Amino acid sequence: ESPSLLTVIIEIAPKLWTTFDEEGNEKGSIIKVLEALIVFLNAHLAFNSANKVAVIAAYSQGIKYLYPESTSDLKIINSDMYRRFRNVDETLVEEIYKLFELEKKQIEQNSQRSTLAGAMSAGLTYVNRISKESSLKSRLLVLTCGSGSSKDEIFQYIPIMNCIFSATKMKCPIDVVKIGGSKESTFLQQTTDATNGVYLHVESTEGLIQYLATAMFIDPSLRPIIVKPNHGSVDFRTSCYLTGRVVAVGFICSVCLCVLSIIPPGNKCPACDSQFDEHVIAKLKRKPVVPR
Amino acid sequence: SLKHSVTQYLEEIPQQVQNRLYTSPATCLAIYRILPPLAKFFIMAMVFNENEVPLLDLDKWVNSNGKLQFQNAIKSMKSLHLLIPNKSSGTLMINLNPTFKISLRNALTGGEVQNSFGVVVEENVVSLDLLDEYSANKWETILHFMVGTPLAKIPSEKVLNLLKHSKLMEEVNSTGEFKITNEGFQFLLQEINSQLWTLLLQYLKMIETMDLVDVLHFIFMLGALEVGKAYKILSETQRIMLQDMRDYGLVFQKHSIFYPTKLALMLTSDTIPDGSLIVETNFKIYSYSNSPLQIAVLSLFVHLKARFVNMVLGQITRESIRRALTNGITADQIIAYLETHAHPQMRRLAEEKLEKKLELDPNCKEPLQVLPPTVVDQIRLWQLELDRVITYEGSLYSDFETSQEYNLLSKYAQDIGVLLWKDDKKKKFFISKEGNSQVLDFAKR
Amino acid sequence: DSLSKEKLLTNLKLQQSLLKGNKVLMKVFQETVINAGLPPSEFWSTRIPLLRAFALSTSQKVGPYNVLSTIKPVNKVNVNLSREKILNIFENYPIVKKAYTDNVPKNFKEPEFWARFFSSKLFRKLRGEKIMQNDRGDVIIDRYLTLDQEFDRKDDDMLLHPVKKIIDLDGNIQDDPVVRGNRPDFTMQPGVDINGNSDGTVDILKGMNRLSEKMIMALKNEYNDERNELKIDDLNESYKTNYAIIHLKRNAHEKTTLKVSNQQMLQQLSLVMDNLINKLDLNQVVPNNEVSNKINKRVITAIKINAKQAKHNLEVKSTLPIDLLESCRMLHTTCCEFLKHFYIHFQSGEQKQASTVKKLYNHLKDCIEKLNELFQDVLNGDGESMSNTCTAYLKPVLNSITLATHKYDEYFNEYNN
Amino acid sequence: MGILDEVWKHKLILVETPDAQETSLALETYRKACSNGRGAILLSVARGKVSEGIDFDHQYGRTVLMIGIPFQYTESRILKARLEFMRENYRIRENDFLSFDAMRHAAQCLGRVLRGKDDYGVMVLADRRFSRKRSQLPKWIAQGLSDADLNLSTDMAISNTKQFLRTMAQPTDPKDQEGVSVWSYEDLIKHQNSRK
Amino acid sequence: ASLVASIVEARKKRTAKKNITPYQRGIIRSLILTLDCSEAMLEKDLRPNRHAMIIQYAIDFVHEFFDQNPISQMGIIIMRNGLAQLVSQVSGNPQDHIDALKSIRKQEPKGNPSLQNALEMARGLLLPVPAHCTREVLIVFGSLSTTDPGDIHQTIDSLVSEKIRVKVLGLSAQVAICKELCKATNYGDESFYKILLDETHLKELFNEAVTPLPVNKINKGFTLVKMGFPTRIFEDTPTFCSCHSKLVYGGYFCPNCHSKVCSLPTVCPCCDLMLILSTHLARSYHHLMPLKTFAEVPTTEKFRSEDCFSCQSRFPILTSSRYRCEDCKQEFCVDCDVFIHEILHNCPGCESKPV
Ligand SMILES: [Zn+2]
Ligand SMILES: [Zn+2]
Ligand SMILES: [Zn+2]
Ligand SMILES: [Zn+2]
Ligand SMILES: [Zn+2]
């Protein structure tokens with residue numbers, strides 16, 4: 001039908017990749033992933049002649065517009081392959097080596113924040129840019145190494161929600177590929193379910209070629225005539241603000257609107273300092289009255 | 001019907017000849033480009049595992065909403081002999097063509113290509129200045145030759161013979177002149193890759209043993225080729241028709257190094273606007289387009305006035321209309337050009353009028369013509385007033401009896417495609433002279 | 001007024017009115033109280049906003065307007081009377097209402113009356129038409145002329161009121177009671193006819209002024225300050241919003257219900273940069289077709305599972321007998337109504353609610369037994385051919401109902417036991 | 001003609017009664033009608049009792065239909081004797097003095113619209129002969145009287161009035177008038193120093 | 001010379017948006033749009049007529065209001081022929097009011113308005129409304145007058161006493177009584193009686209009315225509210241729903257009383273408790289966390305970068321179009337500034353910059 005603007009974000013982080021390859025033994029698994037993605041973009045740009053690809057990597061200190069080159073020469077790959085495929089693959093391996101050399105250079109400083117949401121947002125802006133230029137399908141791909149330490153998704157939660165709402169406005173499914181020890185990533189699973197995206201988690205770096213060639217090929221040209229393969233289901237619930245556990249039925253502030261599994265101490269808001277009404281909370285604490 | 005015509009031709013190509021075509025990765029890449037999305041997905045899934053599948057697994061995977069499209073994809077898949085579906089263990093065991101499979105695999109991996117993507121010399125030069133200019137020159141010469149406006153640079157004698165034999169732009173030997181057939185105007189209406197594909201289909205049809213699969217593989221890799229580089233001059237049949245398509249201006253060859261122009265790229269794939277025309281009830285032309293080719297083709301069916309930078313003006317006359325009509329050029333062809341040359345403001349006004357008339361009545365009691373009938377139906381009324389009769393000439397069988405027999409004989413002619421007209425109420429029908437003998441034999445039996 | 005919960009429950013006539021308005025409300029109410037015998041106050045206790053909305057919809061009335069000015073004279077004339085406008089004329093002109101009520105129920109017909117009315121000069125007088133002795137009017141309607149005149153006098157007497165001195169033109173002209181000048185112009189004074197009498201334009205102008213005054217006093221119905229009046233707001237301070245901003249302190253609890261080292265990650269990083277600059281092969285990515293076959297098995301299993309999920313993608317089409325379908329829908333509906341009312345009683349939390357809770361518990365038990373007996377009926381009507389589907393269709397409301405019963409029993413054992 | 005019946009459908013109509021008391025009740029009615037916003041129209045003589053001490057503002061002073069030149073009654077021997085005496089005394093042109101008095105009565109009629117600078121209003125001149133009298137007219141009045149406005153018809157009068165209403169229906173930034181129209185104490189100080 | 005006019009227009013525009021505040025703004029909303037369908041809106045004076053455009057704009061308003069703020073109920077009462085007619089009760093489903101408005105499409109606007117009756121029955125409809133819900137009414141009006149049965153000032157006093165605000169979008173010009181309503185209801189503010197100048201301005205006004213409004217400190221109602229996240233099931237068997245009493249394949253399940261529903265964000269029909277998703281509550285967090293404006297750096301000074309930080313394009317070169325996020329110290333293009341300030345609700349420069 002139409003050229004599908006391909007959007008691929010690769011979450012590269014040595015804190016995750018070192019953790020994964022030390023947990024297992026597949027050194028160069030990230031290289032295997034990169035080669036698989038090279039074949040994936042080849043299969044995509046051979047599926048359609050103009051389904052243009054946006055490739056962005058988010059490193060530890062920030063993000064990088066990988067494909068294409070900025071608005072401001074060895075060949076590792078073979079010379080017998082296709083021209084456009086070779087140009088893209090050579091450009092990406094050059095950009096990847098430059099980013100990895102940079103990452104080796106500035107390895108020793110510490111930044112504990114994931115940049116996945118910012119990378120996703122910048123990619124969505126570029127999707128707006130491409131779609132506003134000249135009619136193009138929007139499909140967003142994330143590659144993550146989930147074997148790293150799940151430190152704090154709490155600050156990541158809000159912009160991820162904002163990105164979900166934006167992609168909902170933009171009819172862009174958010175398809176998730178996870179490689180890690182943890183089977184489940186709740187926010188990503190919720191993201192896939194809300195955006196009609198595809199969630200998938202495995203561990204072995206082998207067979208990802210067949211995995212994301214078979215499953216991760218759904219385009220908006222043929223989305224309604226393809227069943228989604230996701231098996232997990234999400235309650236769309238959140239952990240409590242002061243006890244950190246998910247709540248089924250509970251309480252939220254009339255002002256801050258944060259989930260309270262229990263009564264806040266001092267009857268004041270733990271988010272926006274609103275003192276509440278004692279008769280209200282006593283009625284909330286009321287037991288039912290039962291006949292003797 | 002370009003993919004339909006090529007797929008039909010390859011289905012006409014036998015199974016092992018198809019398998020010979022499926023040997024090389026460049027041919028497999030071009031054919032994969034031809035395949036529809038469902039079959040494309042199927043083969044890219046199965047190409048990386050040597051696990052044959054039964055049809056039941058694919059059927060369970062397939063959502064039934066697009067099951068007709070799935071049927072089309074697998075019908076093409078089987079009829080191209082790209083599949084080997086056998087009822088193994090009672091189940092229709094699905095198997096891709098293995099030569100196609102491995103050649104696609106090597107093309108995707110960048111593995112063994114045997115320079116099917118091209119025997120490369122890689123002496124790149126500028127193409128906009130030599131290749132594009134010579135290409136535009138030669139294509140301009142053949143295009144104005146095909147227009148009929150006078151031009152000195154005649155085409156090759158091979159293509160001249162192909163035009164003489166073919167029903168495209170008839171070089172009528174009684175007149176000694178190339179003459180616009182209705183098929184010639186179809187070619188004029190065609191897209192550029194459509195014109196190239198019609199030309200190569202006709203040349204492949206006329207050419208015989210010159211190895212047909214050599215021409216096929218060479219055509220597929222020539223489509224697969226890239227612009228602006230020198231390459232090694234391969235099969236000799238491929239080389240001599242390569243020199244032929246050099247004389248067509250497709251490649252810029254320095255008699256061994258050859259430099260393929262942009263025409264190979266357009267043959268491979270496609271790449272208040274230009275070509276947008278404002279219609280007028282006064283038949284005035286407000287074209288947002290200009291070329292000497294545009295004037296040359298507008299000379300056939302439009303009375304023009306002058307040439308300016310984008311502003312080509314004129315007035316469509318009924319003399320111009322009937323000049324188009326008397327060439328055998330179809331009014332449907334004319335409105336094909338017209339409806340491919342519409343303008344934004346007028347089509348927005350037409351859609352506003354359509355949405356206004358939608359709420360009043362579904363039929364609107366108006367003729368079905370979306371382009372504004374104030375100007376557009378004036379041609380369409382002239383289109384209906386052009387033909388406006390039905391002529392039947394030759395044999396005719398009359399005064400049938402039993403209606404039975406009349407329906408039987410008439411139905412039989414329709415089945416064999418020799419029936420030209422019938423009337424239940426008079427129990428009469430007309431059949432072509434070719435089918436006369438067949439109908440008579442059936443009547444006796 | 002008619003706005004309390006007691007008033008809305010009291011208005012049985014209005015309750016019957018929107019009852020008769022709906023049809024599923026006869027169905028529901030009939031099952032609720034005619035069939036199940038629920039307290040109809042508690043029936044209407046849920047539908048209180050609906051009752052008040054119906055009341056307020058029925059309760060509004062229009063504002064006054066110049067109905068005689070909207071009357072047009074329209075050869076011949078055909079009466080095209082509108083009853084709402086006839087009552088508008090009645091309300092605007094009680095004299096015309098009186099002239100209707102003492103003549104039509106006594107002497108002649110309504111359309112004959114209105115033809116006489118349009119013929120009458122009293123109609124012209126009450127409208128913006130100057131009376132003329134050339135017009136004959138209608139004698140029966142024009143007998144009310146002096147009655148309308150003394151109505152006008154009484155109404156003007158009513159309309160008289162004292163005036164503020166801040167705007168009192170009478171005080172303004174009573175500034176100097178001994179002004180001795182010259183007689184003002186005939187042009188700019190109220191002109192008269194030849195014989196000194198007026199034409200009556202002052203009468204028609206004071207009449208339309210009386211119409212305006214009657215308007216504004218109809219507005220002014222049952223349903224010092226000059227300091228505020230003379231304020232010059234243009235030289236005053238601009239109003240500023242007292243809207244409160246909000247901050248947000250941020251301290252979230254961690255999610256509740258081995259550690260890597262820089263040396264080791266640096267060693268691996270050095271090694272993988274070495275591998276990166278060393279080599280990269282696309283061709284090695286092809287799997288072993290056996291672990292890949294297990295991947296095929298996993299993928300196809302996921303496809304089968306989610307396809308069976310998608311296989312069950314007006315209500316659904318069903319092969320029920322239509323009567324039993326309606327009966328089971330009805331039973332589901334009244335069970336839902338019972339359950340909602342029982343929850344209303346339970347979440348209320350009073351000792352006054354106790355007998356209500358007990359009785360609704362009994363009703364829920366009765367509904368359970370009736371569901372079971374219905375299951376016996378579809379049992380011996382189907383041989384459990386699709387009586388299984390009947391049981392499963394009525395299942396989840398039954399599960400919620402019996403869960404509520406268990407909750408009631410548990411809280412009974414909590415408090416009493 | 002029954003035009004007043006059409007006028008009934010939009011606003012009330014109030015006429016200057018010869019009784020000042022009924023006129024007072026009438027103006028109270030107009031006041032309350034513009035108070036509730038249902039709208040009303042006053043009909044008063046140019047020299048009539050309303051015109052000499054009653055102001056109208058921000059809904060009361062919004063638009064005025066001045067009807068023609070308010071010339072005095074021409075055939076007054078009293079007026080003619082006045083004209084003769086004042087011409088004999090101060091060499092006064094009689095027609096010019098008549099235009100002066102008409103003039104000044106019209107200004108008295110039209111001066112009761114703008115109470116504060118926040119108010120706004122539109123003025124009409126419903127006579128052909130007014131066009132020669134802008135030089136007569138008061139300076140601040142005529143400074144808003146543009147040269148295109150000297151001879152207008154109903155259509156562009158309506159269009160300009162609608163656009164004026166659209167214009168006056170907008171808020172205004174205080175920065176554009178904080179030093180040129182409205183003055184603070186510091187603004188007056190700065191102006192006084194600038195005078196110094 | 002058009003760029004100088006554009007620059008001074010942008011300056012006079014940005015003078016209003018210089019002050020950006022984190023006011024407490026209402027989330028539990030209660031919005032009523034009454035419609036008049038009278039003889040005034042029969043004017044074709046704006047194309048095609050006022051009735052058609054207010055229908056279309058109300059469709060858009062319903063969509064935008066339910067998208068941005070799904071945590072409110074919407075009621076519509078039409079005004080026609082001296083009567084105010086309720087056509088849409090307050091509900092969580094926008095589609096009901098969409099269908100009611102589609103019924104309003106084909107019927108004919110005629111009559112005269114009565115804001116007294118309209119606001120009175122709007123008050124009565126707004127009467128059984130909980131405390132946290134912010135009762136506010138949008139009123140469209142085309143007349144310059146209002147026929148009424150009785151006093152409006154008693155209604156004004158009652159509405160002020162019952163803590164309901166109004167905002168009037170008049171058509172022709174200002175009406176003094178509507179100004180009085182807006183001022184007295186709105187604590188003396190004049191920022192609520194708004195008059196359009198064209199249909200584009202009407203569109204902008206409707207978009208402005210979409211947004212939540214700030215609340216007052218004196219109008220203090222700071223409390224908690226009980227909430228419950230339900231669970232969605234995907235069952236093989238169709239099942240009867242509690243709300244519409246019909247067979248449903250799927251449906252959420254009640255967290256408290258374990259019944260099932262058909263739509264969200266809705267309250268329970270059985271345990272009678274509100275059920276939402278965390279997406280719904282996080283939907284207004286841009287209102288809860290506003291975004292600072294981005295400053296163009298001047299063309300005279302030296303520049304940190306010459307191409308856009310976010311969209312990655314070259315900055316064009318008289319003036320300098322480098323909108324700087326001072327919170328992240330990065331300059332951006334106008335397109336990215338628009339997208340981040342309106343569509344997005346995060347600054348990726350501040351996402352990359354660690355705190
Ligand atoms: Zn809070
Ligand atoms: Zn339902
Ligand atoms: Zn519940
Ligand atoms: Zn940018
Ligand atoms: Zn920033």
# chains A, B, ... in the order shown; residues from 1 in each chain; ligands from 1
>>> residues_around(residues="residue 312 of chain B", least_positions_apart="2", cutoff="7 Å", atoms="only C-alpha atoms", output="list in words")
residues 286, 287, 289, 290, 306, 307, 308, 310 and 314 of chain B
>>> write_last_selection(atoms="N, CA, C and O atoms", output="mmCIF file, in the first residue's frame")
data_model
loop_
_atom_site.group_PDB
_atom_site.id
_atom_site.type_symbol
_atom_site.label_atom_id
_atom_site.label_comp_id
_atom_site.auth_asym_id
_atom_site.auth_seq_id
_atom_site.Cartn_x
_atom_site.Cartn_y
_atom_site.Cartn_z
ATOM 1 N N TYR B 286 -5.994 25.146 -18.741
ATOM 2 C CA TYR B 286 -5.123 25.832 -17.798
ATOM 3 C C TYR B 286 -4.231 24.759 -17.199
ATOM 4 O O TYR B 286 -4.444 24.294 -16.075
ATOM 5 N N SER B 287 -3.212 24.369 -17.955
ATOM 6 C CA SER B 287 -2.324 23.314 -17.508
ATOM 7 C C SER B 287 -1.300 23.870 -16.541
ATOM 8 O O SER B 287 -0.734 24.944 -16.756
ATOM 9 N N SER B 289 1.582 22.625 -16.277
ATOM 10 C CA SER B 289 2.591 21.735 -16.829
ATOM 11 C C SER B 289 3.014 22.241 -18.196
ATOM 12 O O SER B 289 2.217 22.844 -18.913
ATOM 13 N N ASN B 290 4.269 21.980 -18.550
ATOM 14 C CA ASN B 290 4.765 22.304 -19.881
ATOM 15 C C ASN B 290 5.929 21.389 -20.219
ATOM 16 O O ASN B 290 6.819 21.190 -19.390
ATOM 17 N N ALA B 306 -0.399 28.647 -27.423
ATOM 18 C CA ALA B 306 0.998 29.049 -27.288
ATOM 19 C C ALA B 306 1.628 28.288 -26.126
ATOM 20 O O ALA B 306 0.940 27.630 -25.343
ATOM 21 N N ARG B 307 2.950 28.410 -26.014
ATOM 22 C CA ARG B 307 3.718 27.733 -24.979
ATOM 23 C C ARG B 307 4.355 28.782 -24.082
ATOM 24 O O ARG B 307 5.063 29.671 -24.571
ATOM 25 N N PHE B 308 4.100 28.673 -22.787
ATOM 26 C CA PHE B 308 4.693 29.504 -21.751
ATOM 27 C C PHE B 308 5.213 28.576 -20.656
ATOM 28 O O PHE B 308 5.107 27.357 -20.785
ATOM 29 N N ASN B 310 4.899 27.333 -17.471
ATOM 30 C CA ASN B 310 4.165 26.197 -16.942
ATOM 31 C C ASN B 310 2.754 26.306 -17.468
ATOM 32 O O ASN B 310 2.006 25.318 -17.499
ATOM 33 N N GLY B 314 -4.901 26.826 -24.217
ATOM 34 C CA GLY B 314 -5.516 26.355 -25.437
ATOM 35 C C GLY B 314 -7.012 26.273 -25.244
ATOM 36 O O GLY B 314 -7.551 26.740 -24.240
#
>>> select_by_dssp(residues="segment 1-32 of chain A", states="strand (DSSP E)", output="list in words")
residues 4, 5, 6, 7, 8, 9, 10 and 11 of chain A
>>> interface_residues(of="chain A", to="chain B", cutoff="7 Å", atoms="only C-alpha atoms", output="list in words")
residues 46, 78, 80, 81, 210, 213, 214, 225, 226 and 227 of chain A
>>> interface_residues(of="chain C", to="chain B", cutoff="10 Å", atoms="only C-alpha atoms", output="list in words")
residues 281, 282, 283, 284, 285, 286, 287, 288, 289, 290, 292, 293, 296, 300, 303, 304, 306, 307, 308, 310 and 311 of chain C
>>> residues_around(residues="segment 49-60 of chain D", least_positions_apart="5", cutoff="7 Å", atoms="only C-alpha atoms", output="list in words")
residues 34, 44, 109, 112, 113, 114, 115, 119 and 120 of chain D; 176 of chain E
>>> write_last_selection(atoms="C-alpha atoms", output="short mmCIF file (atom, residue, chain, number, x, y, z; two decimals), in the first residue's frame")
data_model
loop_
_atom_site.label_atom_id
_atom_site.label_comp_id
_atom_site.auth_asym_id
_atom_site.auth_seq_id
_atom_site.Cartn_x
_atom_site.Cartn_y
_atom_site.Cartn_z
CA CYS D 34 -31.14 47.07 30.30
CA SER D 44 -37.20 61.29 23.76
CA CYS D 109 -28.06 65.09 23.13
CA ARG D 112 -24.53 61.29 27.49
CA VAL D 113 -22.92 58.08 26.22
CA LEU D 114 -19.32 57.97 27.45
CA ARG D 115 -19.17 57.97 31.24
CA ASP D 119 -17.25 52.82 27.80
CA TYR D 120 -17.83 52.95 24.07
CA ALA E 176 -24.40 43.26 29.53
#
>>> residues_around(residues="segment 245-255 of chain A", least_positions_apart="3", cutoff="10 Å", atoms="only C-alpha atoms", output="PyMOL selection string")
(chain A and resi 235-242+258-264+268-274+276+284) or (chain C and resi 246+253-257) or (chain E and resi 24-28+132-133+221-231+254-256+273-275+281+288)
>>> residues_near_ligand(ligand="ligand 3", cutoff="6 Å", atoms="only C-alpha atoms and all ligand atoms", output="CSV table (one decimal) with N, CA and C atoms, in the first residue's frame")
chain,number,residue,atom,x,y,z
E,254,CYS,N,-15.6,-6.4,38.2
E,254,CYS,CA,-15.6,-5.5,39.3
E,254,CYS,C,-14.5,-5.9,40.3
E,256,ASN,N,-14.5,-5.0,43.4
E,256,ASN,CA,-15.1,-5.1,44.7
E,256,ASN,C,-16.2,-6.2,44.8
E,257,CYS,N,-17.2,-6.0,44.0
E,257,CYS,CA,-18.3,-6.9,44.1
E,257,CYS,C,-18.4,-7.9,42.9
E,258,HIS,N,-17.3,-7.9,42.1
E,258,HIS,CA,-17.0,-9.0,41.1
E,258,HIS,C,-18.1,-9.1,40.0
E,259,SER,N,-18.9,-8.1,39.8
E,259,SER,CA,-19.7,-8.0,38.7
E,259,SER,C,-18.9,-7.6,37.4
E,268,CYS,N,-19.1,1.6,39.1
E,268,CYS,CA,-19.8,0.4,39.1
E,268,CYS,C,-21.3,0.6,39.2
E,270,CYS,N,-23.1,-1.9,40.4
E,270,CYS,CA,-23.4,-2.8,41.5
E,270,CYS,C,-22.8,-2.5,42.8
E,271,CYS,N,-21.5,-2.4,42.9
E,271,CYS,CA,-20.9,-1.9,44.2
E,271,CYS,C,-20.9,-0.4,44.2
E,272,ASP,N,-21.1,0.2,43.1
E,272,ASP,CA,-21.2,1.7,42.9
E,272,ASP,C,-20.0,2.4,43.3
>>> residues_around(residues="residue 398 of chain B", least_positions_apart="3", cutoff="8 Å", atoms="only C-alpha atoms", output="count of residues only")
3
>>> residues_near_ligand(ligand="ligand 5", cutoff="9 Å", atoms="only C-alpha atoms and all ligand atoms", output="compact mmCIF listing (two decimals) with N, CA, C and O atoms, in the first residue's frame")
# COMPACT_ATOMS: atom_id res chain seq x y z
N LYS E 292 7.78 24.72 30.70
CA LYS E 292 8.24 26.09 30.52
C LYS E 292 8.38 26.42 29.04
O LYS E 292 8.63 25.55 28.20
N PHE E 294 10.13 28.08 25.68
CA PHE E 294 11.49 27.99 25.17
C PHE E 294 11.86 29.30 24.49
O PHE E 294 11.06 29.86 23.74
N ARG E 324 15.30 27.88 23.21
CA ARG E 324 16.14 27.23 24.20
C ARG E 324 15.32 26.77 25.40
O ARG E 324 14.61 27.57 26.01
N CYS E 325 15.45 25.49 25.74
CA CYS E 325 14.94 25.01 27.02
C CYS E 325 15.96 25.34 28.09
O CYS E 325 16.96 24.63 28.21
N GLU E 326 15.69 26.36 28.89
CA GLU E 326 16.59 26.72 29.99
C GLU E 326 16.68 25.62 31.04
O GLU E 326 17.68 25.55 31.76
N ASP E 327 15.66 24.75 31.13
CA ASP E 327 15.72 23.65 32.07
C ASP E 327 16.70 22.58 31.61
O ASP E 327 17.19 21.81 32.43
N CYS E 328 17.00 22.54 30.32
CA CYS E 328 17.98 21.60 29.79
C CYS E 328 19.10 22.27 29.03
O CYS E 328 20.01 21.56 28.58
N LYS E 329 19.06 23.60 28.89
CA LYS E 329 20.12 24.40 28.27
C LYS E 329 20.37 23.99 26.82
O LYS E 329 21.51 24.02 26.35
N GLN E 330 19.33 23.57 26.12
CA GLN E 330 19.45 23.20 24.71
C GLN E 330 18.47 24.02 23.89
O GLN E 330 17.34 24.25 24.30
N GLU E 331 18.92 24.45 22.71
CA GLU E 331 18.10 25.20 21.79
C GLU E 331 17.45 24.27 20.77
O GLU E 331 18.01 23.23 20.42
N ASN E 346 7.13 16.21 27.39
CA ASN E 346 8.45 16.06 28.00
C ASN E 346 9.53 16.69 27.21
O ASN E 346 9.39 16.81 26.00
N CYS E 347 10.60 17.06 27.88
CA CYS E 347 11.71 17.64 27.15
C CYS E 347 12.81 16.61 27.05
O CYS E 347 13.44 16.29 28.07
N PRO E 348 13.09 16.07 25.86
CA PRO E 348 14.14 15.04 25.73
C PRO E 348 15.52 15.53 26.09
O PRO E 348 16.36 14.72 26.51
N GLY E 349 15.79 16.83 25.96
CA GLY E 349 17.02 17.38 26.50
C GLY E 349 17.09 17.22 28.00
O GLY E 349 18.13 16.84 28.55
N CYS E 350 15.98 17.47 28.68
CA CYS E 350 15.93 17.23 30.12
C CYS E 350 15.86 15.74 30.45
O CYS E 350 16.17 15.36 31.58
N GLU E 351 15.48 14.91 29.48
CA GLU E 351 15.52 13.46 29.70
C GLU E 351 16.95 12.95 29.63
O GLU E 351 17.33 12.06 30.39
N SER E 352 17.73 13.48 28.69
CA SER E 352 19.12 13.07 28.57
C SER E 352 19.96 13.65 29.70
O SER E 352 20.88 12.98 30.19
N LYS E 353 19.69 14.88 30.10
CA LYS E 353 20.47 15.53 31.14
C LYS E 353 20.17 14.90 32.49
O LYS E 353 19.01 14.92 32.92
>>> residues_around(residues="residue 92 of chain E", least_positions_apart="5", cutoff="7 Å", atoms="only C-alpha atoms", output="PyMOL selection string")
chain E and resi 72-73+266
>>> write_last_selection(atoms="C-alpha atoms", output="mmCIF file, in the first residue's frame")
data_model
loop_
_atom_site.group_PDB
_atom_site.id
_atom_site.type_symbol
_atom_site.label_atom_id
_atom_site.label_comp_id
_atom_site.auth_asym_id
_atom_site.auth_seq_id
_atom_site.Cartn_x
_atom_site.Cartn_y
_atom_site.Cartn_z
ATOM 1 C CA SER E 72 -16.127 13.706 33.915
ATOM 2 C CA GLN E 73 -19.734 13.335 32.830
ATOM 3 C CA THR E 266 -17.047 4.126 34.502
#
>>> closest_atom_pairs(of="chain A", to="ligand 4", cutoff="9 Å", atoms="only C-alpha atoms and all ligand atoms", output="JSON lines")
{"residue": "A:125", "atom": "CA", "partner": "ligand 4", "partner_atom_place_in_ligand_line": "1 (Zn)", "distance": 8.3}
{"residue": "A:126", "atom": "CA", "partner": "ligand 4", "partner_atom_place_in_ligand_line": "1 (Zn)", "distance": 8.7}
{"residue": "A:129", "atom": "CA", "partner": "ligand 4", "partner_atom_place_in_ligand_line": "1 (Zn)", "distance": 8.7}
>>> write_last_selection(atoms="N, CA, C and O atoms", output="PDB file, in the first residue's frame")
ATOM      1  N   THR A 125       9.116  12.448  17.459  1.00  0.00           N
ATOM      2  CA  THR A 125       9.231  13.750  16.810  1.00  0.00           C
ATOM      3  C   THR A 125       9.730  13.595  15.386  1.00  0.00           C
ATOM      4  O   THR A 125       9.237  14.264  14.470  1.00  0.00           O
ATOM      5  N   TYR A 126      10.693  12.705  15.184  1.00  0.00           N
ATOM      6  CA  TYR A 126      11.190  12.500  13.834  1.00  0.00           C
ATOM      7  C   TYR A 126      10.145  11.819  12.962  1.00  0.00           C
ATOM      8  O   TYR A 126      10.103  12.062  11.753  1.00  0.00           O
ATOM      9  N   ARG A 129       8.120  14.545  11.813  1.00  0.00           N
ATOM     10  CA  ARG A 129       8.855  15.254  10.774  1.00  0.00           C
ATOM     11  C   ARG A 129       8.708  14.565   9.425  1.00  0.00           C
ATOM     12  O   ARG A 129       8.359  15.200   8.422  1.00  0.00           O
TER      13      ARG A 129
END
>>> closest_residue(among="C:121, C:47, C:97, C:206", to="chain E", atoms="only C-alpha atoms")
C:47
>>> residues_near_ligand(ligand="ligand 2", cutoff="8 Å", atoms="only C-alpha atoms and all ligand atoms", output="PyMOL selection string")
chain E and resi 240-248+260-263
